[PDB]
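Let me begin by presenting the structure, written as structure tokens, before commenting on it.
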Ligand code: CLA
Ligand code: HEM
Ligand SMILES: CC1=C(/C=C/C(C)=C/C=C/C(C)=C/C=C/C=C(C)/C=C/C=C(C)/C=C/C2=C(C)CCCC2(C)C)C(C)(C)CCC1
Ligand SMILES: CCCCCCCS[C@@H]1O[C@H](CO)[C@@H](O)[C@H](O)[C@H]1O
Ligand SMILES: CCCCCCCS[C@@H]1O[C@H](CO)[C@@H](O)[C@H](O)[C@H]1O
Ligand SMILES: CCCCCCCS[C@@H]1O[C@H](CO)[C@@H](O)[C@H](O)[C@H]1O
Ligand SMILES: CCCCCCCS[C@@H]1O[C@H](CO)[C@@H](O)[C@H](O)[C@H]1O
Ligand SMILES: [Ca+2]
Ligand SMILES: [Cl-]
């Protein structure tokens, strides 16, 4: 039973809870009972970025990156409805939580890739006929990926979308057209996909843990440049509860 | 320009009756407002919630109306949210909560009236500066 | 138009401290003897030879 | 082709009235009786297909309904603009005085 | 001066288009801040054309 003073500064605060190796049980689902995920935690351990080949006909791979924004990456205190569907599948509907983190990773050679690592508005479902959550249960779903910067964000020349200059004021008589993409800010909103593979189950406490892989676009600097494809891998913890 | 009896004449109630404050009353009002209110309301704004200011138009659209002496005295006794829906004495200085807001303890009825008068007169002097915030400094 | 880079590669210096390699790999640790390390080494050597020149 | 969506939205009813679907909550202070109770309910139960749908918020007192009816003329609805509603910006859009 | 001329034109019965079309381009070009000598920079070197361009 660790206190804040036990944990502060250690890096444990950015880690999701684990389950003992004994946690290989089954958590029964009463189809007449409503359920909630009281806490969903996602701890990323690897950020992969898809390289962008030159011939545009090559098989592009996801390459490793170096995290440079430190232990600030985990999503936690996420809660939401856990619906029991007609076909016996379960569906988690994310309601709220600390469900995003800006992350910057660096590619070989130095290119930095910011992204909003997130499961905002996650809807994720299991296979049909889940009478018990077990080590064979998986969740698959989609989430929203809003702009990495929100609407008030001003670039270094003070241009922005919901605020800021709408032109390059330091170039008073330059031609506008060439600068359009930099002058007119755009707010991206795209989709991401995620799988959760349950590896451990405490059927008594309703706790589950496992691994996840998510895929989503990175920052596009409010429309100034193309986003990169990102694959995030890590571990997750969830506490299931009768609602 | 001068601080005339006309400047110092403000609405007493919602029914169109006015009251004319003395210069001593005006000074007492500024003093008491600085004493018990300016820490949050300096210049007619509200530091812990800038959405609500002390402009007369704002007070007039409040519920119940707060753009007169009776409204402001009542507010200093039993403050409400802007729609009048919640009583907020527990988080806003008032006579009702003088136990947890101790500077309210030595405030008399006369004092509340002076403060009210200050809040109503000051925009007649300062115009848009009152409730304007830094834009109008 | 690279001239000394191939001579470094020829004898086994193929990686950068920044993580890339000339064979196109990623996430490699070249150790100190990256291209940058080799360069640094030569600069320092230069400095020391300069001082020795003064003394002699 | 490139468009600032907020400037564009200023040329719609959003630039004329309180957009029940987009406008920051502080705007409800403009009119008697809307803030904070009704404003919170309205933003909470957004978006609305039409303005009068605001009347269908569950739990509304009769007084509340009357006040809403009194203020429908100051309301509008337009398409939800992502840029205006992300980042919790409807509760706090970075503007104070 | 431009406004004076345009007004003289209109008063003589010209249309708005006619009145403004009677204004010499040279005159209009004087009424432009890019030709104001107090709009420059110490290290912004060269002809005015190098800034806002060659007026057409
Ligand atoms: C009376 C002096 C004078 C003036 C007013 C002009 C004016 C002009 N010249 Mg001309 N020119 C001159 C003499 C002058 N010229 C001389 C002597 C030469 C021979 C080099 C030229 C050769 C020349 C060329 C080749 C060109 C011009 C051009 C021009 C036009 C652009 C000016 C510009 O960009 O300057 C920029 C001015 C500066 C960047 C200021 C420099 C300040 C110095 C470096 C400060 C020195 C600091 C000092 C070291 C401090 C010491 C401290 C110590 C005491 C402790 C402008 C109409 C250009 C043009 O448009 O032609 C059609 C052009 O191409 N000129
Ligand atoms: C000092 C005794 C004092 C007075 C007087 C005062 C007045 C006042 C009024 C009239 C309002 C309503 C504004 C409106 O437009 O309707 C109001 C609102 C708030 N105030 Fe206040 N206030 C006084 C003191 C203080 C102090 C010391 C603080 C800061 C801690 C403070 C803050 C606020 C806040 C917040 C509000 C808004 C409350 C809400 O509606 O939710 N006031 N004040
Ligand atoms: C082993 C090894 C190596 C190599 C090494 C080397 C190559 C070294 C060199 C070294 C050197 C190369 C050194 C030098 C030194 C020098 C010096 C030490 C100098 C000194 C000087 C002086 C002292 C001077 C002084 C002066 C002056 C400056 C001025 C005038 C006066 C007088 C004279 C006083 C390596 C890396 C590969 C790695 C492995 C191991
Ligand atoms: C003598 C040491 C000089 C300092 C070395 C500079 C850092 S190393 C430098 O890093 C860049 C960004 O990651 C890379 O793009 C580049 O390839 C690499 O050489
Ligand atoms: C005073 C309301 C009736 C009792 C409700 C529970 C007491 S709550 C009470 O609220 C007062 C402000 O009204 C404060 O003065 C006091 O400190 C606070 O504890
Ligand atoms: C003057 C700068 C000195 C910096 C030395 C950094 C050593 S770094 C160190 O070096 C070893 C030998 O290259 C490697 O095998 C090892 O993997 C690496 O971590
Ligand atoms: C004169 C001070 C220059 C010191 C520079 C020491 C670089 S040291 C170098 O750094 C790399 C990461 O950047 C590592 O991959 C490698 O193991 C390590 O040797
Ligand atoms: Ca499994
Ligand atoms: Cl306002």
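For the reader, a short list of remarks on this structure follows.
A quick yes/no check of all residues on (1) within 16 Å of ligand 5 (Cβ to nearest atom); (2) closer than 20 Å to residue D:29 by Cα; (3) in contact with a helix residue (DSSP H, G or I) (Cβ under 9 Å, 6 or more places away or on another chain):
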| position | (1), (2), (3) |
| --- | --- |
| B:44 | no, yes, yes |
| B:59 | no, yes, yes |
| B:79 | yes, yes, no |
| B:104 | yes, no, yes |
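- Hits in the range B:32-83 (condition: facing chain D (nearest Cβ under 8 Å) and more than 22 Å from residue B:19 (Cα to Cα)): B:45, B:50, B:51, B:52, B:53, B:81, B:82, B:83
- Filter result for residue D:35 (more than 28 Å from residue A:185 (Cα to Cα), within 16 Å of ligand 9 (Cβ to nearest atom) and surrounded by 19 or more Cβ atoms within 10 Å (Cβ to Cβ)): yes
- Within the range A:103-123, the set of residues being away from chain C (no Cβ under 14 Å) and free of Cβ contacts under 8 Å to residues at least 60 places away in the same chain comprises A:103, A:104, A:120, A:121, A:123.
- Boolean, residue A:81 is part of a loop (DSSP other than H, G, I, E, B), away from every other protein chain (no Cβ under 13 Å) and touching a residue at least 12 places away in the same chain (Cβ under 8 Å): no
- If you go through the range B:92-135 and pick out every residue that is more than 18 Å from residue B:53 (Cβ to Cβ), free of Cβ contacts under 8 Å to residues at least 40 places away in the same chain and part of a loop (DSSP other than H, G, I, E, B), you end up with 11.
- When we screen D:87, D:94 for residues that are within 14 Å of chain B (Cβ to nearest Cβ) and within 19 Å of residue A:185 (Cβ to Cβ), the only hit is D:94.
- Filter pass, residue D:52 being more than 10 Å from every other protein chain (Cβ to nearest Cβ), free of Cβ contacts under 8 Å to residues at least 60 places away in the same chain, assigned to a loop (DSSP other than H, G, I, E, B) and surrounded by fewer than 14 Cβ atoms within 10 Å (Cβ to Cβ): no
- Test: residue in the range C:40-53 that is closer than 22 Å to residue A:51 by Cβ and either more than 14 Å from ligand 3 (Cβ to nearest atom) or surrounded by fewer than 10 Cβ atoms within 10 Å (Cβ to Cβ) (or both): no
Each reported figure results from applying straightforward, stated rules to the coordinates on display, with no laboratory input. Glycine also receives a Cβ, built like all others from the backbone with ideal geometry; neighbour counts cover every protein chain displayed.
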